[PDB]
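This report concerns only the one structure given below.
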Amino acid sequence: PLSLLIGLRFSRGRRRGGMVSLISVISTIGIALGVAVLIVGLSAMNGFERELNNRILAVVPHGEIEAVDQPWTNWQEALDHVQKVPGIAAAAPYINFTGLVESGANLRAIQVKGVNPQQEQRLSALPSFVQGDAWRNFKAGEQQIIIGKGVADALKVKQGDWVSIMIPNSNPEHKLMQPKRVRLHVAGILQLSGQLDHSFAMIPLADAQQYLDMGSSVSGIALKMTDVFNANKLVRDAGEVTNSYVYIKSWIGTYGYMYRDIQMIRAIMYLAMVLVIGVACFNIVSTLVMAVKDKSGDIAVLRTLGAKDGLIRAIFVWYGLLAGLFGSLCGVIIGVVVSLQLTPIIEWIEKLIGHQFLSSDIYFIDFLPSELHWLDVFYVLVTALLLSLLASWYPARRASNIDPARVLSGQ
Amino acid sequence: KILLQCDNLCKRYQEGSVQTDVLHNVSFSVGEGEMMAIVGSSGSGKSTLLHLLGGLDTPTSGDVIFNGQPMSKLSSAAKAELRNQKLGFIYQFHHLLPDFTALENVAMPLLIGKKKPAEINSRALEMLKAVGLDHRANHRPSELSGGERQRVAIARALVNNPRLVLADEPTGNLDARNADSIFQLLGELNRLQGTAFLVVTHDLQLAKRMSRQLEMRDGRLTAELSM
Amino acid sequence: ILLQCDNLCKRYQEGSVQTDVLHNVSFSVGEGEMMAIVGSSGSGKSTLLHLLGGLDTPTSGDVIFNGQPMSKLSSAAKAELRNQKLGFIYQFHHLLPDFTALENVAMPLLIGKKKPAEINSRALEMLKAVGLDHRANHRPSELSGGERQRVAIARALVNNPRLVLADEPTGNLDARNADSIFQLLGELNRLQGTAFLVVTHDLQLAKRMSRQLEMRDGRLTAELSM
Amino acid sequence: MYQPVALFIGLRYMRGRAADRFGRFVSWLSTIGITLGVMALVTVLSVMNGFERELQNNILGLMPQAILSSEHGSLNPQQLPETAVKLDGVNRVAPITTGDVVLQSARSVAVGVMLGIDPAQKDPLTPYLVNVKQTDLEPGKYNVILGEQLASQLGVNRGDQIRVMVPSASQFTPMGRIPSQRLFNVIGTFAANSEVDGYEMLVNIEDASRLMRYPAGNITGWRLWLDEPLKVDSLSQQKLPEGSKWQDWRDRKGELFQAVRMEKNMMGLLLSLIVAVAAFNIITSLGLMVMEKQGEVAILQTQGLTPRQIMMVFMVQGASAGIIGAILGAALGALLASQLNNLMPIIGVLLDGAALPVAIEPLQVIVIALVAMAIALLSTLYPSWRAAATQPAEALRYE
Ligand SMILES: [Mg+2]
Ligand SMILES: [Mg+2]
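Residue numbers (our numbering), protein chains in the order written: chain A, 275 to 685; chain B, 153 to 379; chain C, 369 to 594; chain D, 2 to 400.
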């Protein structure tokens with residue numbers, strides 16, 4: 275094929291020996307670098323959302339349907355049949371009250387929680403890996419209670435002992451009924467990031483039998499928004515499935531000024547990624563257009579020799595296709611390698627110390643890479659190949675259009 | 153009996169500084185199988201004229217008719233059609249593809265016509281031997297000396313047997329050897345093949361080989377050669 | 369003595385074949401002496417004259433100027449030389465494209481930092497000498513084929529060099545500028561003690577230099593026997 | 002014209018032939034790239050600085066940030082005078098008795114923390130108080146101020162007094178460590194726009210001391226305002242001369258600290274990507290330009306110009322291009338940074354971040370421009386020397 279031969283010869287060096295010109299190799303390297311940086315940035319960005327609703331948002335409840343009239347309003351039959359709407363698929367009930375731990379140690383105040391055994395795993399992500407495996411199977415009878423690294427740490431014992439919290443101030447009504455349920459041992463302990471281990475305690479559901487709470491009707495909970503961001507204020511025109519008495523409590527926006535940080539960070543992320551894309555595209559386009567303009571002289575000779583538009587188009591199409599293909603292959607390989615094996619690159623300059631990028635980051639990840647390939651690398655490769663072909667094509671058409679003798683003399 | 157046709161072919165270059173006129177109402181004709189020679193002083197406007205004759209510079213207030221059809225008339229595809237089988241243009245300060253050796257450069261009109269591998273090679277070498285630099289068929293223009301590249305350009309022009317051959321000082325960078333020999337070559341071409349020639353040259357000893365040597369006179373081509 | 373060649377040989381080989389050019393070149397150009405070189409295309413005239421200057425490294429020879437070889441000169445020393453003693457002209461003459469004819473002619477002087485006024489006056493001096501004052505405002509692109517050659521000649525001779533090397537100074541021009549520029553060089557030599565060594569193909573006026581040599585694929589034959 | 006040859010040649014090359022549209026905007030691609038890189042870097046840095054300032058002030062500013070004390074309490078002279086209390090940052094000294102407490106209420110039992118401030122001195126929360134005499138606040142039988150998120154909503158509301166408990170107290174050992182408790186009176190309700198409301202309350206000075214252990218007149222420590230609470234790790238790692246334990250806000254809002262640390266780290270990674278790509282473009286474009294003009298270099302060298310002067314010829318052009326690019330990029334980046342609040346028609350509906358910008362001209366902006374200058378100078382320096390060594394005849398042949 276004539277076009278391929280001419281393109282290859284144009285992409286050849288100025289001197290015998292090396293079969294690669296400086297400009298072609300340079301454009302290849304630029305395209306590869308752009309593709310690699312785009313891949314890395316997109317992978318980190320996607321990992322951001324992958325981790326956000328996995329270790330910092332799942333633990334916090336996504337909503338609440340608490341009302342001032344539980345019986346038959348928020349507690350019709352077993353519960354409000356909020357499962358009808360397809361937004362969520364695990365409602366479960368929810369009972370909350372406060373108490374104190376009595377162990378002859380640093381007393382702490384805990385807002386305890388009620389959780390149903392063989393349940394609460396479809397609801398939130400608080401159930402986490404811990405030595406106390408099969409703990410839920412041991413949760414029953416309203417006797418044993420599970421705490422975090424809170425009052426357990428404050429007290430000088432762990433699961434190895436059986437010290438009871440002895441809630442002394444369980445007063446649902448202001449009058450001091452104070453039913454002191456004592457000898458509630460703990461056999462499992464959980465750990466969470468940072469704080470709020472000080473105010474977590476697991477009580478089997480339907481604990482009202484002995485805690486003097488009224489009946490089996492509790493506050494309840496719902497609205498486990500899977501697409502929390504897209505579900506933001508999505509309860510508008512919805513949520514009537516609950517048929518509660520008073521306006522339900524809000525979604526995770528109730529603990530505001532952290533969701534604000536989340537949204538602001540996401541905005542800055544989008545801005546930075548847009549800047550990356552623009553810079554890389556500009557670099558690639560500038561290099562390709564400069565090279566093609568540098569190769570404008572021979573186009574006039576070909577046109578005056580009788581070359582048609584098709585051959586001129588095909589020559590630079592092949593040139594750009596070759597450059598883009600090789601650069602995209604190299605960039606894809608390097609970027610995939612980096613993204614898949616970036617976090618495992620822990621600098622051993624200081625033995626498990628410092629690294630200048632890891633400090634006080636436990637239960638989170640120093641970096642956050644996630645390679646959602648076969649749907650994102652394809653876009654980058656297609657965009658690179660396009661940009662390359664368009665940059666190759668545009669100046670070639672202009673040079674061919676110009677009177678051949680005119681450009682041979684002027685440029 | 154007509155190949156070239158000029159009707160007041162005027163031109164002027166002006167980028168916004170001054171009006172630098174070149175030509176004033178050029179008009180002549182080159183008969184089928186007719187030779188002509190152009191003479192004049194530097195700066196007259198010969199090269200610009202011959203560029204206008206082809207479809208390689210837009211005339212200002214004139215037109216050129218080839219085989220009863222103007223040049224701006226031809227579409228881009230039609231002009232590409234024409235340049236392969238009817239144009240034998242040679243370039244002053246001749247420009248060659250630098251990454252292609254002499255053989256490929258000579259063969260390019262045929263490759264563009266897609267003649268044949270074997271025919272193309274044989275005929276490129278045909279014309280190269282005609283010009284007479286067989287021992288530089290493997291040298292790129294960079295490695296070629298000053299004159300052999302000019303002969304390569306001539307061979308490329310005449311490889312495809314064009315009907316008309318426009319030239320810009322085909323033999324001005326060469327000794328008498330290649331000047332005289334290449335005039336012999338063109339002379340046989342015309343009387344063996346019905347090809348016309350129109351060559352601009354400064355060597356007045358052989359300028360009259362074309363006969364009817366015109367004189368470019370800073371606009372209009374004076375019939376005589378009275379300086 | 370101005371030029372001195374001792375078996376100035378050369379050869380180009382990129383790894384394909386040994387393409388010899390010259391075989392034991394040796395001659396001299398006397399102070400204020402003209403010479404002309406003749407031969408067939410491909411002989412190696414341009415390569416020879418490039419070797420004469422410090423613009424191509426000889427393989428197995430040397431060139432001595434004013435009793436000091438060219439490779440002897442340091443880079444600064446060669447830059448020193450090229451401003452006041454070299455009047456080299458280029459085949460397929462190359463000019464700065466973004467600089468008009470006047471500035472191109474004035475560049476040797478600007479590099480010498482003569483004066484604003486002197487530089488302008490003398491650039492125009494030499495431009496009028498060659499006779500293209502009408503195209504003193506045109507860049508090389510806008511200039512035609514011959515006026516750029518005359519601009520190159522003027523740039524070569526603007527600074528009054530001791531020796532003037534040329535590569536077909538008048539081969540792209542009609543008899544007008546050929547004869548007139550030979551007249552110009554002729555006055556230059558006998559008004560000013562400047563020697564000339566010009567390669568040309570026009571044999572009518574090649575003998576103006578006198579002692580016309582004949583480059584013959586290595587060694588410059590003293591006779592013009594073809 | 003100009004006496005210096007290098008300056009004239011560089012300027013003329015920078016101007017270019019300008020065939021149709023300034024070389025179809027191909028001649029100034031170097032300046033265009035410098036501008037784009039500088040603009041992007043400036044915008045990113047300004048927005049990150051604004052984010053850090055927002056986190057420092059609008060959230061962590063109101064709440065306590067650091068406390069020092071001794072084992073279970075201080076001594077009569079506050080365990081120390083003001084001397085040897087200032088270590089780093091802008092530290093303001095103010096006694097405090099922070100301690101978690103249980104605010105039992107008739108409507109609903111709730112828990113929260115408090116601050117033992119004195120009426121004499123101001124605090125972040127003093128201007129927010131409404132319908133109350135903060136300045137004239139005597140103990141008044143343990144008077145307190147709190148509300149607008151706890152008393153007003155899910156509380157005993159203003160007035161009617163409220164319960165306050167301190168679990169950390171050993172009053173009567175025989176039973177289950179009965180804490181120290183007493184009824185407190187409400188005289189106001191602070192209105193706050195941060196998390197302070199609903200989790201924090203104000204108490205008179207010395208009332209927490211009387212209620213809690215250790216002698217009256219002492220405190221639980223001293224507030225220490227920090228100039229860089231974002232990077233409070235360095236302060237915590239350092240041990241103050243007195244040996245007092247360093248308490249910090251990270252003990253409560255650890256999730257936010259970890260999240261901001263990770264976000265800053267990965268944003269630095271993105272900035273590194275930006276810098277690498279931009280610098281690659283600079284080197285590539287300027288080097289290819291210098292290599293492209295080798296024929297002109299050869300023509301120039303044969304007529305008196307030394308290898309050391311052509312280097313200046315190219316460095317002049319490089320410096321001019323870098324200057325134009327850096328100035329344009331700085332201007333455009335400053336404008337874009339101080340134009341990000343608006344231009345959010347539909348994205349702002351769900352993403353109300355506003356991209357809080359902070360254009361810190363003094364240092365961050367200038368350093369980027371200087372780095373670009375140096376990079377351009379070196380990139381024009383090396384290839385110029387490489388091309389100045391080739392023999393002119395060899396260069397003019399391939400040309
Ligand atoms: Mg001409
Ligand atoms: Mg030559």
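Ideal placement from N, C-alpha and C gives every residue a C-beta, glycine not left out.
Query raised in the report: Do the stretch 514 to 521 of chain A and the stretch 331 to 349 of chain A meet, that is, are 3 or more Cβ pairs less than 8 Å apart?
Result: Contact holds: three or more Cβ-Cβ distances are below 8 Å.
Query raised in the report: What residues does ligand 1 have around it, judged by CB closer than 7 Å to any heavy atom, in chain order?
Result: Chain-ordered list of matching residues: B:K198, B:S199, B:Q244, B:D320, B:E321, B:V352, C:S512, C:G513.
**Report entry** As assigned by DSSP and simplified to three states, the class of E582 of chain C
**Finding:** As a first step, residue 582 of chain C is located in the third sequence; it is residue number 214 there, counting from the start. Strand at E582 of chain C.
Query raised in the report: At least one CB of chain A closer than 8 Å to the CB of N236 of chain B: is that the case?
Result: Along the second sequence, one-based indexing puts residue 236 of chain B at 84. It does: the Cβ of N236 of chain B has a partner Cβ on chain A nearer than 8 Å.
Report task. Could you check what DSSP says for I441 of chain A in three-state terms: helix, strand or coil? Result -> In the first sequence, residue 441 of chain A corresponds to position 167, counting from 1. DSSP, reduced to helix, strand and coil, places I441 of chain A within a strand of the structure shown.
Requested in this report: Would you kindly report the start and end of the unbroken alpha helix (DSSP H) that includes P269 of chain B?
Outcome: Walking along the second sequence from the start, residue 269 of chain B turns up at place 117. For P269 of chain B, the uninterrupted alpha helix (DSSP H) run begins and ends at 269 to 283, by DSSP.
Query raised in the report: In this structure, does DSSP put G319 of chain D in helix, strand or coil?
Result: The residue given as residue 319 of chain D occupies position 318 in the fourth sequence. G319 of chain D carries a helical assignment under DSSP once its states are collapsed to helix, strand and coil.
Query - Check whether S385 of chain D and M290 of chain D have beta carbons under 8 Å apart - result: One-based indexing of the fourth sequence puts residue 385 of chain D at position 384. One-based indexing of the fourth sequence puts residue 290 of chain D at position 289. Inclusion of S385 of chain D and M290 of chain D in the CB contact set at 8 Å is not warranted, their separation being larger than that value.
Query raised in the report: When you check each C-beta in the stretch 370 to 395 of chain C against every C-beta of chain A, which residues fall closer than 8 Å?
Result: Taking a C-beta cut-off of 8 Å against chain A, the contacting residues of the stretch 370 to 395 of chain C are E382, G383, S384, listed in chain order.
**Report entry** Host beta strand (DSSP E) of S633 of chain A (start-end)
**Finding:** Translated into positions along the first sequence, residue 633 of chain A becomes position 359. Secondary structure note for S633 of chain A: it is in no beta strand (DSSP E), with a DSSP letter that is neither H nor E.
Query - Nearest candidate by alpha-carbon position, reference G269 of chain D, set D:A19, D:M49, D:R25, D:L37 - result: One-based indexing of the fourth sequence puts residue 269 of chain D at position 268. Checking every option, the nearest Cα to that of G269 of chain D belongs to D:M49.
Requested in this report: Find the nearest neighbour of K231 of chain B within the set B:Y243, B:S213, B:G214, B:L205, judged by alpha-carbon distance.
Outcome: Here residue 231 of chain B refers to the residue found at position 79 of the second sequence. For the residues B:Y243, B:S213, B:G214, B:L205, the minimum Cα distance to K231 of chain B belongs to B:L205.
**Report entry** alpha helix (DSSP H) segment containing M374 of chain D, residue limits
**Finding:** On the fourth sequence, position 373 is the one that residue 374 of chain D refers to. If you look at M374 of chain D, you'll find it in the alpha helix (DSSP H) that goes 367 to 389.
Report task. Please decide whether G586 of chain C counts as near chain B, where near means a Cβ-Cβ distance under 8 Å. Result -> In the third sequence, counting from the first residue as 1, residue 586 of chain C sits at position 218. Interface residue (Cβ-Cβ distance to chain B less than 8 Å): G586 of chain C is not classified as such.
Query raised in the report: If you measure beta-carbon to beta-carbon, which residues of the stretch 311 to 338 of chain B are closer than 9 Å to chain C?
Result: Answer in chain order: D320, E321, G324, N325, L326, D327, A328, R329, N330, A331.
Query raised in the report: Ends of the beta strand (DSSP E) at residue 365 of chain C?
Result: The requested residue 365 of chain C is not part of the displayed model; chain C covers only 369 to 594.
Query - Collapsed DSSP secondary structure at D481 of chain A in the structure displayed - result: Taking the first residue of the first sequence as 1, we reach residue 481 of chain A at position 207. Helix at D481 of chain A.
Query raised in the report: Whose C-alpha, out of A:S570, A:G291, A:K387, A:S467, is nearest the C-alpha of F638 of chain A?
Result: Your numbering for residue 638 of chain A matches position 364 in the first sequence. Closest option to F638 of chain A, judged by alpha-carbon separation, among A:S570, A:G291, A:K387, A:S467: A:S467.
Report task. May I have a chain-ordered list of the alpha helix (DSSP H) segments no shorter than 4 residues that lie completely inside the stretch 529 to 558 of chain A? Result -> Taken in chain order, the whole alpha helix (DSSP H) runs of length 4 or more contained in the stretch 529 to 558 of chain A number zero.
Requested in this report: Output the boundary residues of the beta strand (DSSP E) element that contains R303 of chain B.
Outcome: What you label residue 303 of chain B is simply residue 151 of the second sequence in a count that begins at 1. For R303 of chain B, there is no enclosing beta strand (DSSP E); the enclosing alpha helix (DSSP H) has its first and last residue at 298 to 310.
Query raised in the report: Of the residues that make up the stretch 512 to 526 of chain C, which ones have a beta carbon closer than 9 Å to any beta carbon in chain B?
Result: Against chain B - using a Cβ distance shorter than 9 Å - the residues of the stretch 512 to 526 of chain C are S512, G513, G514, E515, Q517, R518.
Query raised in the report: Buried or exposed: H472 of chain A, going by 16 or more other Cβ atoms within 10 Å of its Cβ?
Result: Residue 472 of chain A sits at position 198 when you count from the first residue of the first sequence. Buried.
Query raised in the report: Three-state secondary structure (DSSP) at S245 of chain D?
Result: The count along the fourth sequence starts at 1 and reaches residue 245 of chain D at position 244. Residue state, collapsed to three classes: coil.
Query raised in the report: Under 7 Å Cβ-Cβ, which residues of chain D neighbour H418 of chain C?
Result: The residue you call residue 418 of chain C lines up with position 50 of the third sequence. For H418 of chain C, the chain D residues whose C-beta falls within less than 7 Å of its own C-beta are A394, listed in chain order.
Query raised in the report: For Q4 of chain D, is the classification buried or exposed, using 16 other Cβ atoms within 10 angstroms of its Cβ as the cut-off for buried?
Result: Here residue 4 of chain D refers to the residue found at position 3 of the fourth sequence. Per the 10 Å Cβ criterion, exposed.
Requested in this report: Classify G601 of chain A as buried or exposed, calling it buried when 16 or more other Cβ atoms lie within 10 Å of its own Cβ.
Outcome: Counting from one through the first sequence, the residue named residue 601 of chain A turns up at place 327. Buried: at least 16 other Cβ atoms inside 10 Å.
Query raised in the report: Anyone know if the C-beta pair for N451 of chain C and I487 of chain C falls short of 8 Å?
Result: Position 83 of the third sequence, counted from the start, is the residue given in the question as residue 451 of chain C. Position 119 of the third sequence, counted from the start, is the residue given in the question as residue 487 of chain C. With respect to the 8 Å criterion, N451 of chain C and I487 of chain C are not classified as neighbours on the basis of their beta carbons.
Report task. Note down, in chain order, each residue of its chain lying with its Cβ closer than 6 Å to the Cβ of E300 of chain B, except the 5 sequence neighbours on either side. Result -> One-based indexing of the second sequence puts residue 300 of chain B at position 148. Only residues of its own chain outside the window of five on either side were considered, and among them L285, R288 have a CB closer than 6 Å to the CB of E300 of chain B, listed in chain order.
Query raised in the report: In the stretch 245 to 273 of chain D, which residues sit with their C-beta less than 8 Å from some C-beta in chain A, listed in chain order?
Result: Listed in sequence order: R251, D252, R253, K254, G255, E256, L257, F258, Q259, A260, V261, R262, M263, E264, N266, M267, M268, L270, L271, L272.
Query raised in the report: Taking only beta-carbon atoms, is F281 of chain D less than 8 Å away from chain A?
Result: Taking the first residue of the fourth sequence as position 1, residue 281 of chain D is located at position 280. It does: the Cβ of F281 of chain D has a partner Cβ on chain A nearer than 8 Å.
Query raised in the report: Looking at the structure shown, is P65 of chain D part of a helix, part of a strand, or coil, going by DSSP?
Result: Stepping through the fourth sequence from its first residue, residue 65 of chain D is reached at position 64. Correct three-state label for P65 of chain D: coil.
Query raised in the report: What does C604 of chain A pair with, by DSSP beta-bridge criteria?
Result: Residue 604 of chain A sits at position 330 when you count from the first residue of the first sequence. In the DSSP assignment, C604 of chain A is bridged to no other residue.
Query raised in the report: Between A543 of chain C and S193 of chain B, what straight-line distance do the alpha-carbon atoms span, to the nearest angstrom?
Result: Indexing the third sequence from 1 puts residue 543 of chain C at position 175. Indexing the second sequence from 1 puts residue 193 of chain B at position 41. Rounded to whole angstroms, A543 of chain C to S193 of chain B spans 9 Å at the Cα level.
Query raised in the report: Is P437 of chain C close to chain D, meaning its C-beta is less than 8 Å from at least one C-beta of that chain?
Result: Your numbering for residue 437 of chain C matches position 69 in the third sequence. Cβ-Cβ to chain D under 8 Å: no for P437 of chain C.
Query raised in the report: Does the count of Cβ pairs from the stretch 571 to 588 of chain C and the stretch 331 to 351 of chain B closer than 8 Å reach three?
Result: A contact between stretches requires three or more CB pairs, one per stretch, nearer than 8 Å, and the stretch 571 to 588 of chain C fails this requirement with the stretch 331 to 351 of chain B.
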